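Keep in mind that the numbers below use all heavy atoms, side chains included, and drop hydrogens, waters and symmetry copies. Throughout, protein chains are lettered first and strands after them, A, B, ... in sequence-line order, and every chain is numbered starting at 1.
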Amino acid sequence: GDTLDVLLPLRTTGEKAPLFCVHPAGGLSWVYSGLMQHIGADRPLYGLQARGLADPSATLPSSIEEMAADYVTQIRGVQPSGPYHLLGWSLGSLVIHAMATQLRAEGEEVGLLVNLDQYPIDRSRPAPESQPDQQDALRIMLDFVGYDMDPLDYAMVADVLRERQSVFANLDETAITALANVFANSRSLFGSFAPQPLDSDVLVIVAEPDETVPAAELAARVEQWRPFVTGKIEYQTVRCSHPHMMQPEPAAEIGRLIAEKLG
Amino acid sequence: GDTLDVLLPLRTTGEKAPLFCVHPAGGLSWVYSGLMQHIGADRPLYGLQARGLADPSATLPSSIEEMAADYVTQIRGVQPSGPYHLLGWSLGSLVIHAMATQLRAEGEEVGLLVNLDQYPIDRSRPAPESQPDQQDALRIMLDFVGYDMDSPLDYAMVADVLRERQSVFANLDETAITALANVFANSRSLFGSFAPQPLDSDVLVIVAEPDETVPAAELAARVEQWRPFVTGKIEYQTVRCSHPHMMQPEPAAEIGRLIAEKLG
């Protein structure tokens with residue numbers, strides 16, 4: 001049906017400007033359903049998922065700029081003007097940056113931008129730790145259905161998803177392979193994205209499970225975005241690993257922080 | 001067992017210098033078994049496969065240079081000196097280029113370099129067509145077992161065909177399928193970051209052009225895209241198949257015979 005469509009309507013009712021959330025490298029935005037309980041219950045929530053999932057024969061975007069233009073089209077279809085509130089995680093963070101710059105060049109107003117623990121890429125020497133990991137994409141998918149974490153493979157995750165959530169019943173080997181395809185493409189887009197300066201404030205959520213890390217280190221990690229952000233760079237830390245940021249407690253903290261900044 | 005190891009001994013016997021073949025983006029070098037019949041029966045043939053297949057817990061290389069250094073270690077274990085004959089396909093071509101430059105920086109002699117239809121990447125805007133495609137990696141694997149292509153591929157279907165046709169892929173499980181996807185995603189992230197260095201060697205480029213109406217000058221210019229990175233002779237030869245089908249029987253026969261011709 002509509003489980004894998006590019007624009008994913010997680011909640012359409014609400015009079016305020018929607019929050020648009022862009023997928024991690026895995027391509028699925030069902031994970032941001034963990035936010036609905038905690039953002040204002042009058043805020044619509046839309047997901048943006050990767051081309052190539054609903055239609056495995058679709059031409060995948062070859063740059064983050066092209067992916068961002070596609071998604072800007074989609075979100076302008078839902079919200080004609082007003083402040084655009086974007087949220088990203090991993091690849092989505094890069095995508096929303098591009099979206100935000102494009103929206104600005106169009107004279108549109110950009111509201112809240114929430115970056116879940118993604119930092120700029122050294123294009124001459126891409127650090128593995130700055131890039132998506134396949135096991136992390138599978139962990140994100142397993143968190144989506146509350147799998148108790150205590151080497152993953154696609155078939156096991158698909159079986160948990162089809163068991164667990166009824167709307168993944170018709171998730172077949174075609175869709176599993178399309179997920180792998182989208183992940184590979186998304187990984188090939190990190191090394192070639194050059195973000196442009198953005199005249200807006202950004203909120204960066206830092207995933208730091210180690211509480212022995214000094215606050216200055218979190219702030220310095222966050223200031224890697226300074227060459228591309230001309231506004232305030234605000235940050236907040238959750239005590240979990242990068243893939244676990246939509247588990248119940250970090251999702252609650254992120255959602256409540258978002259609600260208070262949109263209020 | 002030993003099906004997925006980094007160094008794959010396809011033929012170890014022979015007095016002549018081996019041919020070392022580096023995997024396409026899919027990570028598997030079994031496909032180059034299509035060459036054994038046609039390269040001299042005195043030539044050893046070794047495959048180089050991706051880290052992360054035999055051990056899904058291995059640290060994957062983060063650059064083509066690091067992958068190439070790993071593989072140079074492996075091939076020096078088989079051949080202590082002499083001319084190093086390298087063959088690559090898709091990602092492997094980039095890898096062998098790096099290997100050759102490293103080998104020449106170490107004062108080692110590089111012999112034949114065979115590039116199967118890979119061209120340099122514009123790192124500021126990587127063209128999709130010059131990059132690996134997942135369906136093409138699956139087609140390469142299906143060609144390996146002679147599947148007939150006049151029939152959207154998926155990993156599970158390919159794994160079942162592989163298990164059914166060649167039983168050294170028996171007990172190829174979901175762990176291994178996942179590891180193949182992982183390897184493919186990583187290899188795809190290695191394009192666009194790799195800056196090839198000038199290589200003072202001759203290279204042979206095999207062009208995959210199924211369209212006979214393409215003029216010969218276009219094939220030659222396509223090949224001369226390698227000129228900034230090759231200071232020697234750039235020779236080329238065309239096979240009448242698409243990129244993923246270059247190890248089917250007729251292109252494999254042409255490539256193997258040409259290689260024997262150049263090594264003889």
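Within 6.0 Å of OH on A/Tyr119 lie more than 12 heavy atoms contributed by other residues, nucleotides or ligands.
At a threshold of 4.5 Å between non-hydrogen side-chain atoms, the residues B/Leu103 and B/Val72 count as touching. A heavy-atom distance below 4.5 Å is not found between the side chains of A/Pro197 and A/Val229. You'll find the side chain of B/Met141 stays beyond 4.5 Å of the side chain of B/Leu153, heavy atoms only. A/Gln247 places a side-chain heavy atom less than 4.5 Å from the side chain of A/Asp143. A 4.5 Å side-chain heavy-atom check between B/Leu28 and B/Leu4 finds at least one atom pair inside the cut-off. A 4.5 Å side-chain heavy-atom check between B/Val95 and B/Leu91 finds at least one atom pair inside the cut-off.
Atom CG of B/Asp211 and atom OG1 of B/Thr213 lie 3.0 Å apart (nearest 0.5 Å).
In this structure, chain A has no heavy atom under 4.5 Å from any part of B/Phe191. For a residue to count as touching a neighbouring chain, one of its non-hydrogen atoms must lie under 4.5 Å from one of that chain's; by this rule A/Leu152 touches chain B with the backbone only.
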key: Worked verdict on A/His23 versus A/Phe183 for ring-ring contact (aromatic ring centres under 6.0 Å, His included)   = CA-CA 11 Å; A/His23 57 86; A/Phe183 180 79; over 10 Å; no
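Within residues 160-180 of chain B, the residues that have a heavy atom under 4.5 Å from a heavy atom of chain A are B/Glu174, B/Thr175, B/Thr178, listed by number. Of all residues spanning residues 121-129 of chain B, those with a heavy atom less than 4.5 Å away from chain A's heavy atoms are B/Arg123, B/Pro126, B/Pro128, arranged by number.
A/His97 and A/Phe193 have perpendicular rings, their planes meeting at more than 60° on a 0 to 90° scale where under 30° would count as parallel.
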